[PDB]
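All remarks here apply to the structure that follows.
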Amino acid sequence: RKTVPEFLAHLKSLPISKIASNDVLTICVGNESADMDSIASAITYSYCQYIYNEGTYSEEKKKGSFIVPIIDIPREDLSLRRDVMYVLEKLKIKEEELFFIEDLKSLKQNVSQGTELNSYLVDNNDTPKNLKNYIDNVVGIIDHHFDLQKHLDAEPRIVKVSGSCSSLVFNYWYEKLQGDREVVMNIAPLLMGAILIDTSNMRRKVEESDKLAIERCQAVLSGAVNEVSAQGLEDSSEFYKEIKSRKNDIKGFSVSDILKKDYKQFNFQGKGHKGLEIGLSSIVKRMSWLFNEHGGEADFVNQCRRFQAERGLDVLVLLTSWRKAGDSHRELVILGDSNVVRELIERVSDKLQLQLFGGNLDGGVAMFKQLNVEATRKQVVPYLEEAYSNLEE
Ligand SMILES: [Mg+2]
């Protein structure tokens, strides 16, 4: 049985007609942000399906084509996720063994012309917008984000609370594989990379799914022992510190890089039939740090406006978060048409406890301390959707 890198290399070595079956090519893709969770989840789903299909858990229930895991960014952008690069290096997964947007385009182009391209979704529950023209059918979903209630016939269809999607993927496959210890060993570093970064080392956003996934990994990684030592948890701590420091490291990146490396885009519907195109960048350093590293406030804001225009956005929002002295802090910066941004912010400012520190809503660029440190992009987006629905048009 192949390890994860061996499986990926094997996929790369095959003709596309041996990956597709009866003129269906099946993939598994995460979300447009391509974070640790999206990448770990997609690779894990694809790998577990492969092991399941060739083994004896799937005796008298046959079938089962290969699933190509896709990371939904240009290959070159992987390097902006220094945490992910570290986890892959540790499992000896080479970038040339992975499949990015370019690879998915090559597959679509080189497959026979009547082949359907179907997708499992992990770490999202509707198809990333940029892939809507490539994916014919959604066949299955496992996710932990707000349920959009689409593709209700998907199999599986798991959209449940979880610190990490990777926990849900792992647990689903663990049951189907009857706890196969070799599989657990082979995926645990990648899985733990996602779970630990998502839960800040099992201290935040922890759900029953995460606790169970961690318990299963510990049981395998410890093996038969008389006494459980502190070593396993110490090793998880050192691993977490390595990944966290790297996620927190955006030194040397351009403003464009920083804005695009953890980014999501939406079209909100309002009272007008025209929607609001809005992008949200999640960033790991405070605005003052960003300004100092990028030629000062004015230079930085100009680069933001450039990014906005390039992505065709009515509104660009930056959400920063950091920790110092055991205290969490957040900021929210918004750029867009003065009319719309003032109305949006005025409608969410109480809930997010926003305090202006820069700019002016009448000017279309404004910067706020966000004293509601619990609200992440996952909450900010619904708050802004609700605000936008109340605007006159
Ligand atoms: Mg996730």
Side-chain angles (χ1 to χ4, degrees), residues 27-48 69-73 77-78 80-84 86-88 119-131 138 140-148 150-151 154 156-174 187-214 217 240 243-244 246-248 260-266 280-284 319 321 374-382:
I27 67 165
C28 178
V29 67
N31 73 55
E32 67 200 90
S33 86
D35 64 348
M36 188 79 73
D37 199 12
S38 269
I39 294 174
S41 291
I43 289 164
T44 295
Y45 197 110
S46 292
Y47 178 73
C48 288
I70 302 295
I71 300 167
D72 188 25
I73 50 168
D77 294 352
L78 186 69
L80 305 181
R81 295 134 173 92
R82 285 172 170 143
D83 55 321
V84 175
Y86 175 80
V87 172
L88 297 172
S119 192
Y120 290 84
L121 303 177
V122 298
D123 205 30
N124 59 151
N125 57 90
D126 195 20
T127 302
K129 180 127 287 198
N130 77 310
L131 303 184
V138 174
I141 295 166
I142 303 186
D143 186 28
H144 69 145
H145 290 96
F146 178 74
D147 198 337
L148 299 165
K150 290 174 79 169
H151 319 291
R157 195 181 189 289
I158 296 164
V159 188
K160 299 191 178 293
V161 303
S162 196
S164 192
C165 193
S166 76
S167 306
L168 301 169
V169 172
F170 173 79
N171 288 151
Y172 171 79
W173 279 112
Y174 184 98
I187 71 189
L190 188 57
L191 164 77
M192 288 178 76
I195 299 178
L196 295 185
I197 200 77
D198 287 352
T199 58
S200 302
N201 202 26
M202 295 288 284
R203 294 154 47 90
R204 308 191 176 99
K205 307 302 219 161
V206 172
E207 305 294 339
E208 298 304 306
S209 54
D210 311 293
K211 290 190 298 201
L212 181 57
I214 291 296
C217 286
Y240 171 72
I243 63 185
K244 187 66 168 174
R246 285 185 176 71
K247 189 178 170 175
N248 279 161
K260 75 193 198 180
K261 74 150 294 185
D262 186 1
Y263 171 82
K264 295 195 178 165
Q265 198 173 132
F266 306 87
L280 299 98
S281 301
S282 285
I283 308 163
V284 300
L319 304 171
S321 65
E374 292 307 300
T376 66
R377 183 167 51 194
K378 178 170 189 198
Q379 288 75 226
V380 170
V381 169

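When a ligand or atom number is given, it counts from 1 through the structure's own listing order. The residues of the chain are indexed from 1 along the displayed sequence. Hydrogens, waters and symmetry mates play no part in the numbers below; they use all other heavy atoms, side chains included.
A donor-acceptor contact closer than 3.5 angstrom is absent between the side chains of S162 and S164. A donor and an acceptor atom, one from each side chain of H145 and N125, are nowhere located under 3.5 Å apart.
For the side-chain contact (heavy atoms from CB on, under 4.5 Å) with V169, the lone residue among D37, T44, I43 that qualifies is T44. A side-chain hydrogen bond (donor to acceptor under 3.5 Å, both in side chains) with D72 holds for exactly one of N124, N130, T127; it is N130.
In this pair, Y45 and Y172 present their aromatic rings parallel. The plane angle is below 30°, not in the 30 to 60° band.
Around the Mg ion (ligand 1), the protein atoms of type N, O or S that sit closer than 2.8 Å are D37 OD2, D123 OD1, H144 NE2.
Partners of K160 according to the salt bridge (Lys or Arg N to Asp or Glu O under 4.0 Å) rule, which considers only residues two or more places apart in sequence or in another chain, do not exist here.
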